[PDB]
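Novice: Next up, data.cif (mmCIF, N, CA, C and O atoms).
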```
data_upload
#
loop_
_atom_site.label_atom_id
_atom_site.label_comp_id
_atom_site.auth_asym_id
_atom_site.auth_seq_id
_atom_site.Cartn_x
_atom_site.Cartn_y
_atom_site.Cartn_z
N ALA A 1 91.11 92.83 88.27
CA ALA A 1 91.89 92.25 89.40
C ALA A 1 93.24 92.94 89.54
O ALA A 1 94.11 92.80 88.67
N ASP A 2 93.42 93.68 90.63
CA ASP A 2 94.67 94.38 90.87
C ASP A 2 94.81 94.75 92.35
O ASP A 2 93.96 94.39 93.17
N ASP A 3 95.88 95.46 92.68
CA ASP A 3 96.13 95.87 94.06
C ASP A 3 95.84 97.36 94.24
O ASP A 3 96.53 98.04 95.00
N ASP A 4 94.83 97.85 93.54
CA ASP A 4 94.45 99.25 93.62
C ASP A 4 93.88 99.57 95.00
O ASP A 4 94.19 98.90 95.98
N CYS A 5 93.05 100.61 95.06
CA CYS A 5 92.43 101.01 96.32
C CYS A 5 91.03 101.55 96.09
O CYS A 5 90.47 101.43 95.00
N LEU A 6 90.45 102.15 97.13
CA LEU A 6 89.11 102.71 97.04
C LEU A 6 88.87 103.75 98.13
O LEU A 6 88.75 103.41 99.31
N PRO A 7 88.80 105.05 97.76
CA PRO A 7 88.58 106.13 98.72
C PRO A 7 87.23 106.02 99.41
O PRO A 7 86.40 105.18 99.05
N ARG A 8 87.02 106.86 100.41
CA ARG A 8 85.79 106.87 101.16
C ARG A 8 84.62 107.36 100.30
O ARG A 8 84.19 108.51 100.43
N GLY A 9 84.13 106.49 99.43
CA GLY A 9 83.02 106.85 98.57
C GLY A 9 82.73 105.80 97.52
O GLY A 9 81.58 105.62 97.11
N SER A 10 83.77 105.11 97.07
CA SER A 10 83.63 104.07 96.06
C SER A 10 83.08 102.78 96.68
O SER A 10 83.61 102.28 97.66
N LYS A 11 82.01 102.26 96.09
CA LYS A 11 81.39 101.04 96.58
C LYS A 11 82.28 99.83 96.32
O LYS A 11 83.32 99.94 95.67
N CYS A 12 81.87 98.68 96.84
CA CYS A 12 82.63 97.45 96.67
C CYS A 12 81.87 96.24 97.21
O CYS A 12 82.40 95.47 98.01
N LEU A 13 80.64 96.08 96.75
CA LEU A 13 79.81 94.95 97.17
C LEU A 13 80.37 93.64 96.63
O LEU A 13 80.90 92.82 97.37
N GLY A 14 80.25 93.46 95.32
CA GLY A 14 80.74 92.25 94.69
C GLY A 14 82.20 92.36 94.29
O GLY A 14 82.87 91.35 94.09
N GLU A 15 82.68 93.59 94.18
CA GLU A 15 84.06 93.85 93.79
C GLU A 15 85.05 92.93 94.50
O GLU A 15 85.04 92.81 95.73
N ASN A 16 85.91 92.29 93.71
CA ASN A 16 86.92 91.40 94.25
C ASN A 16 88.21 92.17 94.54
O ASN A 16 89.16 91.61 95.07
N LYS A 17 88.23 93.45 94.17
CA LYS A 17 89.40 94.29 94.39
C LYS A 17 89.60 94.57 95.87
O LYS A 17 88.69 94.38 96.68
N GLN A 18 90.80 95.03 96.23
CA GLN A 18 91.12 95.34 97.62
C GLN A 18 91.49 96.81 97.77
O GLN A 18 92.11 97.40 96.89
N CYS A 19 91.11 97.40 98.90
CA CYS A 19 91.40 98.80 99.17
C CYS A 19 92.89 99.00 99.42
O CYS A 19 93.68 98.06 99.33
N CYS A 20 93.27 100.23 99.74
CA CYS A 20 94.67 100.56 100.00
C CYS A 20 95.14 99.93 101.31
O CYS A 20 94.35 99.33 102.04
N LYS A 21 96.43 100.07 101.60
CA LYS A 21 97.00 99.52 102.82
C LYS A 21 96.52 100.27 104.05
O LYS A 21 96.80 101.46 104.21
N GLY A 22 95.78 99.57 104.91
CA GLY A 22 95.26 100.19 106.11
C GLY A 22 93.76 100.40 106.07
O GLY A 22 93.12 100.58 107.10
N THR A 23 93.20 100.36 104.86
CA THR A 23 91.77 100.55 104.69
C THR A 23 91.04 99.21 104.61
O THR A 23 91.67 98.16 104.45
N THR A 24 89.72 99.25 104.74
CA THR A 24 88.90 98.05 104.69
C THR A 24 87.61 98.31 103.92
O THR A 24 87.06 99.40 103.96
N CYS A 25 87.14 97.28 103.24
CA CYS A 25 85.91 97.38 102.46
C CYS A 25 84.77 96.63 103.14
O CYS A 25 84.95 95.52 103.63
N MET A 26 83.60 97.25 103.16
CA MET A 26 82.42 96.65 103.78
C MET A 26 81.54 95.97 102.73
O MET A 26 81.28 96.53 101.67
N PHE A 27 81.10 94.75 103.04
CA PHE A 27 80.26 93.99 102.14
C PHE A 27 78.85 94.57 102.07
O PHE A 27 78.37 94.94 100.99
N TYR A 28 78.21 94.66 103.22
CA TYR A 28 76.85 95.19 103.31
C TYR A 28 76.83 96.69 103.05
O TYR A 28 75.95 97.20 102.35
N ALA A 29 77.81 97.40 103.60
CA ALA A 29 77.90 98.84 103.41
C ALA A 29 78.32 99.16 101.98
O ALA A 29 78.12 100.28 101.50
N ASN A 30 78.89 98.16 101.31
CA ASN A 30 79.33 98.30 99.93
C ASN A 30 80.05 99.63 99.71
O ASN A 30 79.64 100.43 98.87
N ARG A 31 81.11 99.85 100.47
CA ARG A 31 81.89 101.08 100.36
C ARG A 31 83.13 101.01 101.25
O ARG A 31 83.03 100.70 102.44
N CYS A 32 84.28 101.31 100.66
CA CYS A 32 85.54 101.28 101.41
C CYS A 32 85.49 102.23 102.60
O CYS A 32 84.78 103.23 102.58
N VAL A 33 86.25 101.90 103.64
CA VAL A 33 86.31 102.71 104.84
C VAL A 33 87.62 102.50 105.59
O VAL A 33 88.14 101.38 105.65
N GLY A 34 88.15 103.57 106.16
CA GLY A 34 89.40 103.48 106.89
C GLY A 34 89.22 102.91 108.28
O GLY A 34 88.11 102.88 108.82
N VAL A 35 90.32 102.47 108.85
CA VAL A 35 90.33 101.89 110.18
C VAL A 35 89.91 102.91 111.23
O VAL A 35 89.56 102.50 112.35
#
```
If you took the structure in this file and wrote it as structure tokens, what would it be?

Specialist:
Amino acid sequence: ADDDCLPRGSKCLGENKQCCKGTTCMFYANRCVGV
């Protein structure tokens, strides 16, 4: 649990972590993505 991030490649299905400022994580896509 932290305020880290996730580049365009790292999954995040169950991950409770949050991407960087301006980015968004997809549940079904299970992978961070920019706006």

Novice: Find the distance between atom CA of residue 12 of chain A and atom C of residue 30 of chain A and write it in Å to one decimal.

Specialist: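 So the answer is 4.5 Å.
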
Novice: One number please: atom N of residue 1 of chain A to atom C of residue 33 of chain A, in Å, one decimal.

Specialist: 20.1 Å

Novice: Taking the file as shown, find all residues satisfying the PyMOL selection byres ((chain A and resi 11) around 7) and write them as a VMD selection string.

Specialist: chain A and resid 6 to 7 9 to 10 12 to 15 26 29 to 32

Novice: Have a look at atom N of residue 21 of chain A and atom CA of residue 4 of chain A and let me know their distance in Å, one decimal.

Specialist: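 We find that atom N of residue 21 of chain A and atom CA of residue 4 of chain A lie 8.3 Å from each other.
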
Novice: Around (91.1, 95.6, 108.9), as given in the file, which residues come within 8 Å? Count all atoms listed in the file and list them as an mmCIF file with N, CA, C and O atoms, in the coordinates of the input.

Specialist:
```cif
data_model
loop_
_atom_site.group_PDB
_atom_site.id
_atom_site.type_symbol
_atom_site.label_atom_id
_atom_site.label_comp_id
_atom_site.auth_asym_id
_atom_site.auth_seq_id
_atom_site.Cartn_x
_atom_site.Cartn_y
_atom_site.Cartn_z
ATOM 1 N N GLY A 22 95.780 99.570 104.910
ATOM 2 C CA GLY A 22 95.260 100.190 106.110
ATOM 3 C C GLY A 22 93.760 100.400 106.070
ATOM 4 O O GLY A 22 93.120 100.580 107.100
ATOM 5 N N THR A 23 93.200 100.360 104.860
ATOM 6 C CA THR A 23 91.770 100.550 104.690
ATOM 7 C C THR A 23 91.040 99.210 104.610
ATOM 8 O O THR A 23 91.670 98.160 104.450
ATOM 9 N N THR A 24 89.720 99.250 104.740
ATOM 10 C CA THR A 24 88.900 98.050 104.690
ATOM 11 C C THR A 24 87.610 98.310 103.920
ATOM 12 O O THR A 24 87.060 99.400 103.960
ATOM 13 N N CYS A 25 87.140 97.280 103.240
ATOM 14 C CA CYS A 25 85.910 97.380 102.460
ATOM 15 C C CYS A 25 84.770 96.630 103.140
ATOM 16 O O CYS A 25 84.950 95.520 103.630
ATOM 17 N N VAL A 33 86.250 101.900 103.640
ATOM 18 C CA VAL A 33 86.310 102.710 104.840
ATOM 19 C C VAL A 33 87.620 102.500 105.590
ATOM 20 O O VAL A 33 88.140 101.380 105.650
ATOM 21 N N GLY A 34 88.150 103.570 106.160
ATOM 22 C CA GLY A 34 89.400 103.480 106.890
ATOM 23 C C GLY A 34 89.220 102.910 108.280
ATOM 24 O O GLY A 34 88.110 102.880 108.820
ATOM 25 N N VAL A 35 90.320 102.470 108.850
ATOM 26 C CA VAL A 35 90.330 101.890 110.180
ATOM 27 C C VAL A 35 89.910 102.910 111.230
ATOM 28 O O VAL A 35 89.560 102.500 112.350
#
```

Novice: List the residues matched by the PyMOL selection byres ((chain A and resi 2) around 7) in the displayed structure as a PDB file with N, CA, C and O atoms, in the coordinates of the input, ordered by chain and then by residue number.

Specialist:
```
ATOM      1  N   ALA A   1      91.110  92.830  88.270  1.00  0.00           N
ATOM      2  CA  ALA A   1      91.890  92.250  89.400  1.00  0.00           C
ATOM      3  C   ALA A   1      93.240  92.940  89.540  1.00  0.00           C
ATOM      4  O   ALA A   1      94.110  92.800  88.670  1.00  0.00           O
ATOM      5  N   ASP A   3      95.880  95.460  92.680  1.00  0.00           N
ATOM      6  CA  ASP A   3      96.130  95.870  94.060  1.00  0.00           C
ATOM      7  C   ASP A   3      95.840  97.360  94.240  1.00  0.00           C
ATOM      8  O   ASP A   3      96.530  98.040  95.000  1.00  0.00           O
ATOM      9  N   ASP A   4      94.830  97.850  93.540  1.00  0.00           N
ATOM     10  CA  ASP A   4      94.450  99.250  93.620  1.00  0.00           C
ATOM     11  C   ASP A   4      93.880  99.570  95.000  1.00  0.00           C
ATOM     12  O   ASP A   4      94.190  98.900  95.980  1.00  0.00           O
ATOM     13  N   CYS A   5      93.050 100.610  95.060  1.00  0.00           N
ATOM     14  CA  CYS A   5      92.430 101.010  96.320  1.00  0.00           C
ATOM     15  C   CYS A   5      91.030 101.550  96.090  1.00  0.00           C
ATOM     16  O   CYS A   5      90.470 101.430  95.000  1.00  0.00           O
ATOM     17  N   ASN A  16      85.910  92.290  93.710  1.00  0.00           N
ATOM     18  CA  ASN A  16      86.920  91.400  94.250  1.00  0.00           C
ATOM     19  C   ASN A  16      88.210  92.170  94.540  1.00  0.00           C
ATOM     20  O   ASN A  16      89.160  91.610  95.070  1.00  0.00           O
ATOM     21  N   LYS A  17      88.230  93.450  94.170  1.00  0.00           N
ATOM     22  CA  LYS A  17      89.400  94.290  94.390  1.00  0.00           C
ATOM     23  C   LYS A  17      89.600  94.570  95.870  1.00  0.00           C
ATOM     24  O   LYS A  17      88.690  94.380  96.680  1.00  0.00           O
ATOM     25  N   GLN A  18      90.800  95.030  96.230  1.00  0.00           N
ATOM     26  CA  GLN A  18      91.120  95.340  97.620  1.00  0.00           C
ATOM     27  C   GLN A  18      91.490  96.810  97.770  1.00  0.00           C
ATOM     28  O   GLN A  18      92.110  97.400  96.890  1.00  0.00           O
TER      29      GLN A  18
END
```
